[PDB]
Amino acid sequence: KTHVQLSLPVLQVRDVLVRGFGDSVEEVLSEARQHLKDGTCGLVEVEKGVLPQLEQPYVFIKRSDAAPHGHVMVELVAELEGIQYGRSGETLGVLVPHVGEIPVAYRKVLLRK
């Protein structure tokens, strides 16, 4: 399937134990996709002060369209030193590994895979 319905645990930035997916744009996009498939991916909602507490490169989920079955259609865009790899809509948040942190909410998305 080109799209997969996922429910992403929303984590508080200060709870996150592993603050990024790796060391290159290509690696963080790869790892993000692997964790999304394996159900081991969390989402941090971006506000003032959140991104400097996480590790670059960043992986964003961005709205790709204007929402089947409650699931917002999203795609992945990476960012490193102010350059984005991909072009998409509004940021729903920044993806991080999930290693058992308690979420505050779930974000239903339809991920372009």
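Tabulated values for the structure
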item: Theoretical ellipticity at 222 nm over the chain - DSSP helices of four or more residues, -39500 (n - 2.57) apiece, nearest 500; result: -4000 deg cm²/dmol
item: Charge dipole magnitude, Cβ of K and R +1, D and E -1 - region 67-113, Cα centre, debye nearest 20; result: 280
item: Neighbour-count ranking [beta-carbon atoms within 10 angstrom, fewest first] of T91, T2; result: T2, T91
item: Sorted peptide list for 45-53, 77-85, 8-16, criterion being average Cβ within 10 angstrom, highest first; result: 8-16, 77-85, 45-53
item: Positive dipole terminus of region 3-112, leading residue within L54, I83, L6 (C-beta point charges); result: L6
item: For the chain, alpha-carbon Rg over 2.2 N^0.38 Å; result: 0.96
item: For the chain, size of Cβ-based charge dipole, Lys and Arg +1, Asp and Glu -1, in debye; result: 500
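Readers should treat all values here as calculations from the given coordinates under stated rules, not as data from a laboratory. Ideal geometry is used to build each Cβ from the backbone, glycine not excepted, and the neighbour counts take in all protein chains shown.
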